[PDB]
Amino acid sequence: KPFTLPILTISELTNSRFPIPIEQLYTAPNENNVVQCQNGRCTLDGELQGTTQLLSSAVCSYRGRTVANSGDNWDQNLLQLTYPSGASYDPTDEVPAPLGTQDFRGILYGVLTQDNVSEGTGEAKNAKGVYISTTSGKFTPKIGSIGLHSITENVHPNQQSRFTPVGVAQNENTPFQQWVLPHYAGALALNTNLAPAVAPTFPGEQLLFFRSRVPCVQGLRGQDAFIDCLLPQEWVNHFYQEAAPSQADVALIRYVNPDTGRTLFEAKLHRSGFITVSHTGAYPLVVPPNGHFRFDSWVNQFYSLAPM
Amino acid sequence: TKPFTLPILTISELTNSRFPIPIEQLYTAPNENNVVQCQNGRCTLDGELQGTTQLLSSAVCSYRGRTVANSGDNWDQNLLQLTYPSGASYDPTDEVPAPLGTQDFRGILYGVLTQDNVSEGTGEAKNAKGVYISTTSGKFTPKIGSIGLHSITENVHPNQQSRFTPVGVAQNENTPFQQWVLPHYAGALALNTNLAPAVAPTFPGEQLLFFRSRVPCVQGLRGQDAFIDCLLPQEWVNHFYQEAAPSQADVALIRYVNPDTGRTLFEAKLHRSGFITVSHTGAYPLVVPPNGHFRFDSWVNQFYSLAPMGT
């Protein structure tokens with residue numbers, strides 16, 4: 001089977017690390033960042049890695065049964081997890097955490113829904129705003145449990161519950177750090193089964209990211225909470241479907257404008273599932289709204305890209 | 001010609017095209033008094049999107065735009081002046097029922113509005129505003145470019161770029177959730193336009209097969225499920241869009257196969273307009289093996305008699 005990319009414009013792509021559209025392509029040097037996100041990880045021949053699964057609707061979502069955590073002034077309840085599919089989760093599963101688990105340090109914000117309540121109970125009484133913080137000693141998804149900090153109304157214990165992600169938050173002592181992995185089993189345990197860290201090795205090259213702005217419900221005034229993924233969800237899903245054998249270490253890809261039939265820039269798509277471009281410095285790319293990446297040809301790691 | 005194909009995905013690898021949550025089960029039932037005319041998850045087998053259908057799950061029942069104050073109103077205290085959910089500017093003269101992804105059911109949609117970021121010291125989730133978007137409000141006019149926001153938790157700022165992220169539905173004392181009743185997209189101002197057509201299983205012994213999810217319900221339906229049923233999962237819509245394989249007949253025969261046994265569990269008709277029928281009578285939730293999936297078999301005569309779906 002020949003390798004292909006889906007034909008999708010920038011506005012037709014979903015971030016693989018949070019359920020929101022891709023807004024731009026962005027390149028920057030790694031500097032002191034370890035680029036080792038666990039969602040949106042997939043090889044060109046269709047092998048999913050890290051905590052990656054197929055559904056955008058499962059990314060940073062959680063499902064399970066609540067249990068009371070009385071006396072704890074942050075996490076008043078815990079969530080006993082399953083997979084987002086509803087299937088049973090066990091810590092012995094060869095994954096860093098249940099598939100779709102957040103892969104950034106900090107506070108994830110969203111809404112927990114539980115047992116339905118009568119109409120007369122009031123407006124959105126089965127909707128509880130919650131913070132899921134990785135700096136909490138209760139953030140241990142690998143061992144099947146996470147802490148829920150309710151903002152207003154009490155979360156009920158012993159109810160089948162779904163967490164729907166909305167954005168991130170930054171409070172006075174919990175910075176949002178997109179390139180720092182959570183301790184999936186808590187601070188006393190090492191992470192397991194990780195998709196590897198990625199970096200450019202060819203001189204003059206940098207990683208290219210698919211960038212989104214994630215809503216931020218507390219903090220980052222006059223700033224944007226960026227979440228940067230290595231592959232859009234659509235690319236992950238396409239490689240998984242196709243499972244086309246990789247013919248070389250690198251797929252040469254070009255961003256084309258079908259309205260003009262011209263190539264705007266080119267990039268190297270590595271077999272392990274990330275992109276490099278020829279550029280030095282932090283830079284937001286100008287892409288035409290109707291443009292798209294296309295597979296050009298198989299090359300090796302030594303291919304010298306036209307400066308972008 | 002280019003062969004028609006389905007993506008190879010199990011029941012737990014499918015997304016509802018009418019609400020951004022996974023498909024939970026396959027479900028068949030007679031239409032009865034329901035008019036099946038949903039506007040999200042509508043696509044022909046040869047890849048023509050219809051109604052309010054677009055490609056992103058993150059856009060389904062999502063809204064974007066700018067808030068305006070709506071004074072003197074205890075229900076909609078603010079309005080949202082809409083763009084497309086992509087952020088592209090919206091023109092009411094666009095040949096759409098409403099901006100792509102607009103809710104396609106009557107009742108209350110609940111979610112969170114997020115706006116300009118606030119300082120850390122402002123407090124917890126202060127830039128997260130719980131809102132009801134009701135279709136029975138006279139302010140529900142997405143075709144015209146504006147919808148009403150009913151605040152429940154936290155104050156909505158007027159005059160700010162805003163995103164609405166859907167969480168679930170709600171039913172209050174006088175607003176039932178009716179998944180098969182289309183909203184008035186232009187409220188009281190104009191008749192609905194540009195609609196994807198209604199669907200009915202006219203064939204003897206056949207019923208629609210739905211991709212079913214339970215939508216979270218934040219008010220009402222105690223001891224009941226808020227179901228949202230779609231005609232195609234989002235991944236099928238997107239596949240047909242990508243492939244654009246020419247339809248060779250009115251009906252494609254499809255089979256639900258277990259790869260582990262090789263056996264066909266049941267067969268179904270996948271109609272060129274983008275919906276499925278099965279040979280069964282009565283409301284029935286299907287039990288499929290976790291590893292099973294639909295596959296395209298062949299183009300068949302329009303009068304092809306399906307092997308009974310069975311239980």
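Every chain is numbered from 1, with letters handed out A, B, ... down the list of sequences. The figures here come from the full heavy-atom set of this structure, side chains too, leaving out hydrogens, waters and symmetry mates.
- Contact of A/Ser56 with chain B is not made at all, since no heavy-atom distance falls under 4.5 Å.
- If you measure heavy-atom distances from B/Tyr132 to chain A, the contacts under 4.5 Å come from the side chain alone.
- Annotation: maximal heavy-atom pairing with chain B below 4.5 Å, among A/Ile151, A/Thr152, A/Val117, occurs at A/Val117.
- Between chain B and the residues A/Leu55, A/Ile20, A/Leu54, the most heavy-atom pairs under 4.5 angstrom are made by A/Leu55.
- More than 12 heavy atoms of other shown residues, nucleotides or ligands fall within 6.0 angstrom of atom OH in B/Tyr84.
- For B/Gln54, no part lies under 4.5 angstrom from a heavy atom of chain A.
- Interface remark: B/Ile23 contributes no atoms to any contact with chain A (heavy atom separation under 4.5 Å).
- Atom CZ of A/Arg65 sits in a crowded spot, with more than 12 heavy atoms from other residues, nucleotides or ligands closer than 6.0 Å.
- Ranked by non-hydrogen atom pairs under 4.5 Å with chain A, the options B/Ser86, B/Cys217, B/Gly87, B/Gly168 are led by B/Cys217.
- Using a 4.5 Å cut-off between heavy atoms, A/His238 does not touch chain B at all.
- Neither the backbone nor the side chain of B/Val169 comes within contact range of chain A, judged by heavy atoms closer than 4.5 Å.
- Counted within 6.0 Å of CG on B/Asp260, heavy atoms from surrounding residues, nucleotides or ligands total more than 12; the atom is thus considered enclosed.
- Of the atoms belonging to A/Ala124, heavy atoms from both backbone and side chain fall under 4.5 Å from chain B.
- Of all heavy-atom pairs between A/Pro165 and B/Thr165, the closest is O-CG2, 4.1 Å.
- Contact annotation for residues 4-12 of chain A against chain B (heavy-atom separation below 4.5 Å, listed by residue number): A/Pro6, A/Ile7, A/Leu8, A/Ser11, A/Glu12.
- Heavy atoms closer than 4.5 Å to chain A are found in both the backbone and the side chain of B/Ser119.
- Applying the salt bridge (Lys or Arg N to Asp or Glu O under 4.0 Å) test to every pair with at least one member in residues 116-132 of chain B, sequence neighbours left out, gives these pairs: B/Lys126-B/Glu154.
- The two residues B/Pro20 and A/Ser57 come nearest to each other via the heavy atoms O-CB, 3.7 Å.
- A/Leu220 contributes atom CG, which lies 10.5 Å from atom CG of B/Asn127 (distance to the nearest 0.5 angstrom).
- Taken from CD in A/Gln241 to CD in B/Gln242, the straight-line distance is 12.0 Å, to the nearest 0.5 Å.
- At most 12 non-hydrogen atoms from other residues, nucleotides or ligands lie less than 6.0 angstrom from OH of A/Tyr240.
- By number of non-hydrogen pairs under 4.5 angstrom with chain B, the leading residue of A/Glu172, A/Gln218, A/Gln233, A/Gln170 is A/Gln218.
- Contact count versus chain B (heavy atoms, under 4.5 Å) is highest, among A/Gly122, A/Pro289, A/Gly129, for A/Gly122.
- The contact list for residues 104-115 of chain B toward chain A, using heavy atoms and a distance under 4.5 Å, reads B/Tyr110, B/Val112, B/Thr114 by residue number.
- A/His292 pairs by the ring pair (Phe, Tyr, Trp, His ring centres under 6.0 Å) definition with nothing, not counting sequence neighbours.
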